[PDB]
Amino acid sequence: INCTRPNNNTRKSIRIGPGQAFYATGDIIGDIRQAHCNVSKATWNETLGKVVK
Amino acid sequence: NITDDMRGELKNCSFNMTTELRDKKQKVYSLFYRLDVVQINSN
Amino acid sequence: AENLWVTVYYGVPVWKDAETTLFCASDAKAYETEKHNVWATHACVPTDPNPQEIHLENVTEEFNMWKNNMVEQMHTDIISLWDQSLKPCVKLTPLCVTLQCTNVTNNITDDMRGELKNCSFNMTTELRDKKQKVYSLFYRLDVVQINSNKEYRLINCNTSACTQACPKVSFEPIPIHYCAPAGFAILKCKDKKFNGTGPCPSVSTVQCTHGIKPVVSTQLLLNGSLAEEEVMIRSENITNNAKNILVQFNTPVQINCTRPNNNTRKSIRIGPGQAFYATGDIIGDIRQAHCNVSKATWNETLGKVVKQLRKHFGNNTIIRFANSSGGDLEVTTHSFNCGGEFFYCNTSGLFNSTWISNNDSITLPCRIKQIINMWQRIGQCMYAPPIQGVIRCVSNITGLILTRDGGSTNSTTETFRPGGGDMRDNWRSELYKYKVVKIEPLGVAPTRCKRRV
Amino acid sequence: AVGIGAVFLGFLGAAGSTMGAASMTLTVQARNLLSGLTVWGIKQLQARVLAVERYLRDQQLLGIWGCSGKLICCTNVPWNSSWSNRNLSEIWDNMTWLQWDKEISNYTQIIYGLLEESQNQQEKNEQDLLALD
Ligand SMILES: *[C@@H]1O[C@H](CO)[C@@H](O[C@@H]2O[C@H](CO)[C@@H](O[C@@H]3O[C@H](CO[C@H]4O[C@H](CO)[C@@H](O)[C@H](O)[C@@H]4O)[C@@H](O)[C@H](O[C@H]4O[C@H](CO)[C@@H](O)[C@H](O)[C@@H]4O[C@H]4O[C@H](CO)[C@@H](O)[C@H](O)[C@@H]4O)[C@@H]3O)[C@H](O)[C@H]2NC(C)=O)[C@H](O)[C@H]1NC(C)=O
Ligand SMILES: *[C@@H]1O[C@H](CO)[C@@H](O[C@@H]2O[C@H](CO)[C@@H](O[C@@H]3O[C@H](CO)[C@@H](O)[C@H](O)[C@@H]3O)[C@H](O)[C@H]2NC(C)=O)[C@H](O)[C@H]1NC(C)=O
Ligand SMILES: *[C@@H]1O[C@H](CO)[C@@H](O[C@@H]2O[C@H](CO)[C@@H](O[C@@H]3O[C@H](CO)[C@@H](O)[C@H](O)[C@@H]3O)[C@H](O)[C@H]2NC(C)=O)[C@H](O)[C@H]1NC(C)=O
Ligand SMILES: *[C@@H]1O[C@H](CO)[C@@H](O[C@@H]2O[C@H](CO)[C@@H](O)[C@H](O)[C@H]2NC(C)=O)[C@H](O)[C@H]1NC(C)=O
Ligand SMILES: *[C@@H]1O[C@H](CO)[C@@H](O[C@@H]2O[C@H](CO)[C@@H](O)[C@H](O)[C@H]2NC(C)=O)[C@H](O)[C@H]1NC(C)=O
Ligand SMILES: *[C@@H]1O[C@H](CO)[C@@H](O[C@@H]2O[C@H](CO)[C@@H](O)[C@H](O)[C@H]2NC(C)=O)[C@H](O)[C@H]1NC(C)=O
Ligand SMILES: *[C@@H]1O[C@H](CO)[C@@H](O[C@@H]2O[C@H](CO)[C@@H](O)[C@H](O)[C@H]2NC(C)=O)[C@H](O)[C@H]1NC(C)=O
Ligand SMILES: *[C@@H]1O[C@H](CO)[C@@H](O[C@@H]2O[C@H](CO)[C@@H](O)[C@H](O)[C@H]2NC(C)=O)[C@H](O)[C@H]1NC(C)=O
Ligand SMILES: *[C@@H]1O[C@H](CO)[C@@H](O[C@@H]2O[C@H](CO)[C@@H](O)[C@H](O)[C@H]2NC(C)=O)[C@H](O)[C@H]1NC(C)=O
Ligand SMILES: *[C@@H]1O[C@H](CO)[C@@H](O[C@@H]2O[C@H](CO)[C@@H](O)[C@H](O)[C@H]2NC(C)=O)[C@H](O)[C@H]1NC(C)=O
Ligand SMILES: *[C@@H]1O[C@H](CO)[C@@H](O[C@@H]2O[C@H](CO)[C@@H](O)[C@H](O)[C@H]2NC(C)=O)[C@H](O)[C@H]1NC(C)=O
Ligand SMILES: *[C@@H]1O[C@H](CO)[C@@H](O[C@@H]2O[C@H](CO)[C@@H](O)[C@H](O)[C@H]2NC(C)=O)[C@H](O)[C@H]1NC(C)=O
Ligand SMILES: *[C@@H]1O[C@H](CO)[C@@H](O[C@@H]2O[C@H](CO)[C@@H](O)[C@H](O)[C@H]2NC(C)=O)[C@H](O)[C@H]1NC(C)=O
Ligand SMILES: *[C@@H]1O[C@H](CO)[C@@H](O[C@@H]2O[C@H](CO)[C@@H](O)[C@H](O)[C@H]2NC(C)=O)[C@H](O)[C@H]1NC(C)=O
Ligand SMILES: *[C@@H]1O[C@H](CO)[C@@H](O[C@@H]2O[C@H](CO)[C@@H](O)[C@H](O)[C@H]2NC(C)=O)[C@H](O)[C@H]1NC(C)=O
Ligand SMILES: *[C@@H]1O[C@H](CO)[C@@H](O[C@@H]2O[C@H](CO)[C@@H](O)[C@H](O)[C@H]2NC(C)=O)[C@H](O)[C@H]1NC(C)=O
Ligand SMILES: *[C@@H]1O[C@H](CO)[C@@H](O[C@@H]2O[C@H](CO)[C@@H](O)[C@H](O)[C@H]2NC(C)=O)[C@H](O)[C@H]1NC(C)=O
Ligand SMILES: *[C@@H]1O[C@H](CO)[C@@H](O[C@@H]2O[C@H](CO)[C@@H](O)[C@H](O)[C@H]2NC(C)=O)[C@H](O)[C@H]1NC(C)=O
Ligand SMILES: *[C@@H]1O[C@H](CO)[C@@H](O)[C@H](O)[C@H]1NC(C)=O
Ligand SMILES: *[C@@H]1O[C@H](CO)[C@@H](O)[C@H](O)[C@H]1NC(C)=O
Ligand SMILES: *[C@@H]1O[C@H](CO)[C@@H](O)[C@H](O)[C@H]1NC(C)=O
Ligand SMILES: *[C@@H]1O[C@H](CO)[C@@H](O)[C@H](O)[C@H]1NC(C)=O
Ligand SMILES: *[C@@H]1O[C@H](CO)[C@@H](O)[C@H](O)[C@H]1NC(C)=O
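Chains as they are written, first to last, in the deposited numbering: chain A, 294 to 309, 312 to 321, 321A, 322 to 347; chain B, 137 to 141, 150 to 185, 187 to 188; chain C, 31 to 141, 150 to 185, 187 to 309, 312 to 321, 321A, 322 to 398, 411 to 505; chain D, 512 to 547, 568 to 664.
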């Protein structure tokens, strides 16, 4: 199974107190797309067949 | 620059935050996913 | 005598090197109240009034002063005790606030110009609704300008929040004895000319070490132990200039230090059951703090040190002393704690001389601080409350820590400068004659005795 | 009584003496092997536990060799000259236990197994003999 988050994220540091930081999300460098996962259809079908048997 | 499936899944929020000094405050902004925020009752 | 058989003996005197956990043991007299001490001897087992030591004849043992685990254990224990003593004390979070400071010019000498500031700020009260306006005196080493009566802030506001030291606890060092568990032992080297490494021909065994006072300082070892015969120079590798040199004196050298200011203390309530001890006005004149040593005594001691140093560099070499090179204030100055306050003296008049192959006093100006970073850590500071009245203390100089400059070829000149920093070298100057061993009371040997069936 | 008439006695007192002389003071070392949430909270407990474990581990070995409750125990395993060919006079009158340990440190594990198997055989034979009656 292959999974990915296809967004180039940017991090920010915000000082909210003495020696304390909160890490925020800045802007996204590029396009915005959904995250997903991939599996092979044939392999999954074979495994499901064995499970059913 | 978003697709049709990522519509409304991200929000651009701004808020007042405390500083290292107890007297003054700062105005900041950050991006939050729509699954982490709740409306309370444009922008 | 050829029909020899194995025979088993239990309780033979043999041992091996080992690393284990030692435990403290304080004196009984420390239990007479005085529970207010950073070194929590409340949990330390009482010591034996009559310690026992056994002499080991004909035994020769190998010591290595620079690979001793006792030093690491002592360092960790000291740090842990220091941290533990500060947990039930006030946390000065609300003190990180904009200040409005101005110079203190009121009956001051020409050397104390710009060293004190008079600051005022808004502070929280016991009630969550209202606030109060207060003022206090801060040393110039604790404030930073941010961009008349310009505005400042405490130096530590952008790294962490300081913890105020509880005013009842005392910093006075107390002797401590380290003891080994059952099945282990501590060996001691009784040789008077031991140089910290190699075989010691005179040995003995004890169960606890002598009382060791945890004195914290740099460039100078105070209230320590003295050598019996001559000044001792010890180093891991004398020919390498990246290794420090430890010097143990033959006789003590007295040093007098004082803070000649009559200080006043104020109590400010910053919350429910919480107080911040500020500094009020100074009752009288304002003058710098300093320390005194005798010129003749220092000259004699330096002469002896030079005489003992030429044995590793030849009789026709020039030896000269220079002050520290550079770094932070905690490394280029002789730091120490004198009855609550923390000093940083300028030991530049001591190491100023050159020696050929052939009444008065020295005054060392000193500064003071209130935000302390111990153990060379980052992110943990401490605030020292002010002390009321004048301060004076006396102690002995027992040793030194030096460093050599890498010179080209043999220029016939060697320059040594003071240098401290790591506090493990302070412990190493006391635990240099001890080591821990593990007993193995099982042995087999041949004999003519045979078991009866 | 005057006992053995020694100048003084103490823990590890005879470390630098010949193995013959050091063998008369085994009790001195034997009796000192058992007792002789703050920072100092567990530094006192773990040490005690470790001491107890070491003592029991040492006792078990004597137990399985048939030498329980003894300070000097004779065995039935002959000495092998490969371990050491030195005389019986230059061992008990010209060497110390510290030196001896170094010489035979390699063959210690070899000797231990023979002592176990000999005791096993002895116990089996004794059981058979008693069964015969
Ligand atoms: C190397 O070794 C030397 C000697 O061991 C050491 O110097 C000694 O330092 C200690 C610690 O500062 C000194 O002990 C203090 O002494 C002062 C001065 O009092 C002296 O004179 C009176 C009258 O003659 C004697 O009775 C007394 O014994 C002293 O000789 C005392 O004022 C100190 O007591 C105060 O501090 C204690 C610890 O904090 C408190 O427990 C005690 O209750 C006192 O505080 C209370 O009273 C204060 C004054 O009213 C008040 O301000 C407080 O808020 C609180 O209410 C303490 O006993 C000792 O005298 C030094 N010895 C010499 C010979 O000078 C060096 O410091 C050491 N070197 C290093 C680097 O550590
Ligand atoms: C962060 O803090 C700032 C400053 O405290 C907040 O801004 C303030 O928001 C209030 C809410 O509306 C403003 O009051 C209104 O002002 C308008 C314009 O003057 C007036 O017509 C209304 O009747 C009402 O009084 C206030 O003026 C404003 N202050 C400033 C300096 O802009 C802000 O809302 C806080 N939150 C965020 C996310 O920034
Ligand atoms: C402690 O808190 C007090 C009260 O909050 C602070 O005083 C306030 O300081 C501000 C900063 O200048 C003042 O605003 C200015 O007022 C002047 C005079 O009215 C005006 O001309 C300026 O345009 C500006 O608005 C404010 O008036 C003042 N409030 C009071 C009641 O005096 C103070 O600065 C805080 N810090 C310290 C160290 O006291
Ligand atoms: C995600 O964005 C960062 C920042 O824009 C990219 O990092 C830069 O990549 C460029 C490539 O042209 C380099 O020249 C820069 O030195 C990189 N660091 C910067 C700009 O700070 C990163 O390559 C992007 N990752 C992608 C697109 O997969
Ligand atoms: C997972 O599968 C998807 C398709 O099911 C892959 O998406 C393709 O990605 C390539 C490279 O970016 C594009 O050229 C194709 O157009 C994409 N297919 C589409 C849009 O249908 C994806 O690369 C696979 N890998 C991962 C990690 O998800
Ligand atoms: C999941 O990702 C892996 C990458 O490690 C893919 O394995 C590669 O598949 C390509 C097919 O286009 C081969 O050419 C590569 O040799 C493979 N790499 C390795 C290391 O074996 C895998 O195919 C992906 N699976 C799915 C279902 O997308
Ligand atoms: C911004 O996004 C919101 C959704 O987060 C849009 O508002 C509607 O919200 C409801 C409730 O979740 C959804 O069912 C609708 O699909 C959303 N869209 C519409 C058109 O009703 C809102 O329209 C978006 N745009 C603005 C300007 O707020
Ligand atoms: C989220 O909103 C912030 C503003 O609240 C955006 O940041 C500003 O964008 C404008 C428009 O280009 C710039 O002129 C400003 O300099 C930006 N910074 C500030 C502090 O205003 C930010 O781009 C928004 N993010 C997204 C993803 O829309
Ligand atoms: C108050 O003290 C400050 C110093 O804390 C004086 O300002 C100067 O500060 C610089 C930077 O450290 C020094 O090099 C100067 O020697 C200081 N003095 C002068 C005259 O420049 C300041 O002058 C003092 N007086 C006032 C009224 O602020
Ligand atoms: C530090 O400044 C404060 C004021 O902020 C001084 O205290 C005031 O001094 C004036 C002048 O004598 C008096 O009239 C006031 O009664 C004092 N108290 C207050 C609350 O204003 C203080 O003297 C200054 N300290 C130094 C050393 O200069
Ligand atoms: C401390 O004395 C020991 C000897 O007791 C020194 O170690 C010997 O140093 C010489 C050369 O100086 C070597 O040849 C020997 O092999 C060393 N012996 C051992 C056992 O290490 C040691 O150098 C001396 N250290 C100082 C700083 O004087
Ligand atoms: C003690 O220090 C000296 C000097 O640093 C070491 O001698 C050097 O050894 C290196 C080998 O790593 C050589 O490259 C240098 O030429 C040597 N310098 C001199 C002046 O001899 C010496 O090895 C160190 N002692 C130990 C035990 O490491
Ligand atoms: C430091 O100042 C305090 C307070 O002024 C002095 O303590 C007072 O000394 C006088 C002496 O005339 C006594 O009458 C008072 O009873 C003392 N307590 C007070 C005023 O609260 C102290 O003597 C000064 N110390 C010096 C100058 O060394
Ligand atoms: C340390 O030495 C200094 C001088 O080097 C001493 O200062 C003298 O103190 C007395 C008494 O207050 C004055 O009469 C002298 O005028 C001072 N000498 C000067 C100003 O040169 C000091 O007393 C000594 N003691 C301490 C503890 O520092
Ligand atoms: C450091 O202070 C001590 C105070 O205890 C000084 O010792 C005194 O010195 C004077 C000399 O004027 C003698 O009259 C006293 O008898 C000494 N007192 C004691 C208890 O011995 C010492 O001289 C000072 N040393 C320096 C270098 O200033
Ligand atoms: C430590 O003290 C020495 C000597 O007092 C300081 O060096 C002197 O600094 C002054 C200026 O403050 C110069 O006028 C002198 O010329 C310097 N001495 C010499 C021999 O040149 C030294 O700066 C002090 N250390 C500090 C301040 O960190
Ligand atoms: C440290 O040594 C230097 C150098 O000897 C002293 O500085 C002056 O040096 C010149 C000649 O180089 C002499 O004529 C002066 O007499 C020296 N100064 C004084 C006050 O006599 C310096 O005095 C020494 N002390 C320090 C730096 O504290
Ligand atoms: C500092 O050194 C002095 C002088 O060596 C020490 O004073 C001696 O202390 C012992 C033990 O109490 C006495 O038996 C001696 O009689 C003292 N010497 C004199 C000349 O009286 C002192 O103990 C050392 N430690 C300090 C000052 O903390
Ligand atoms: C999966 O495999 C079975 C037999 O293994 C086959 O009949 C079927 O067409 C395949 N595809 C799906 C979607 O089941
Ligand atoms: C120090 O003592 C030496 C001899 O011990 C002497 O030559 C010298 O003048 C004295 N003074 C200084 C400052 O070295
Ligand atoms: C003695 O030991 C040697 C090797 O250590 C071995 O070769 C020899 O057989 C042994 N002899 C015995 C156990 O009698
Ligand atoms: C061991 O005994 C033999 C035979 O008695 C003798 O020759 C030899 O010298 C002895 N070696 C010693 C005592 O070291
Ligand atoms: C023990 O064996 C090691 C090799 O395993 C050897 O180096 C050493 O010399 C031996 N010791 C004796 C006393 O024979």
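We put the beta carbon where it would ideally sit given N, CA and C, even for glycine.
Helix, strand or coil at residue i [DSSP, three-state]
i, result
"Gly237 (chain C)", "strand"
"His374 (chain C)", "strand"
"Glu340 (chain A)", "helix"
"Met104 (chain C)", "helix"
"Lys169 (chain B)", "strand"
"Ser110 (chain C)", "helix"
"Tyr484 (chain C)", "coil"
Delimiting residues of the alpha helix (DSSP H) encompassing residue i
i, result
"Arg480 (chain C)", "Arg476 to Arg480"
"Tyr586 (chain D)", "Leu576 to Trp596"
"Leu537 (chain D)", "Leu537 to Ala541"
"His249 (chain C)", "It is not in any alpha helix (DSSP H) - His249 (chain C) carries neither H nor E in the DSSP assignment."
Residue i Cβ short of 7 Å to ligand 7 heavy atom set
i, result
"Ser158 (chain B)", "no"
Distance cut-off 7 Å: residue i Cβ against heavy atoms of ligand 17
i, result
"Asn332 (chain C)", "no"
"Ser388 (chain C)", "yes"
Paired residues, beta bridge with residue i - DSSP
i, result
"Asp47 (chain C)", "C:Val489"
"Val38 (chain C)", "C:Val496 and D:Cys604"
Residue i CB to nearest heavy atom of ligand 4 below 7 Å
i, result
"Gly324 (chain A)", "yes"
"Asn301 (chain A)", "yes"
beta-carbon residue i near ligand 16 non-hydrogen atom, thresh 7 Å
i, result
"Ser393 (chain C)", "no"
Residue i: CB within 7 Å of a non-hydrogen atom of ligand 12
i, result
"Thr357 (chain C)", "no"
"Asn234 (chain C)", "no"
Endpoints, the beta strand (DSSP E) within which residue i is located
i, result
"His72 (chain C)", "Premise fails: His72 (chain C) is in no beta strand (DSSP E) and is neither H nor E."
"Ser612 (chain D)", "No beta strand (DSSP E) contains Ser612 (chain D), which DSSP labels as neither H nor E."
"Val570 (chain D)", "Looking at the DSSP string, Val570 (chain D) is not in any beta strand (DSSP E); the run it does join, the alpha helix (DSSP H), is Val570 to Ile573."
"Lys155 (chain B)", "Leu154 to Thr162"
"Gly441 (chain C)", "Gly441 to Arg456"
Residue i Cβ short of 7 Å to ligand 6 heavy atom set
i, result
"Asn611 (chain D)", "no"
"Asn339 (chain A)", "no"
Residue i beta carbon near ligand 15 (any heavy atom closer than 7 Å)
i, result
"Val371 (chain C)", "no"
Proximity test, residue i beta-carbon vs ligand 22 heavy atom, cut-off 7 Å
i, result
"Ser620 (chain D)", "yes"
Residue i beta carbon near ligand 23 (any heavy atom closer than 7 Å)
i, result
"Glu634 (chain D)", "yes"
Cβ-based contacts, 9 Å cut-off: residues of the region 428–439 of chain C near chain D
none
Got a sec: which bits of the region 204–231 of chain C sit with their beta carbon under 8 Å from any beta carbon on chain D, in order along the chain?
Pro220, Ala221, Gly222 and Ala224
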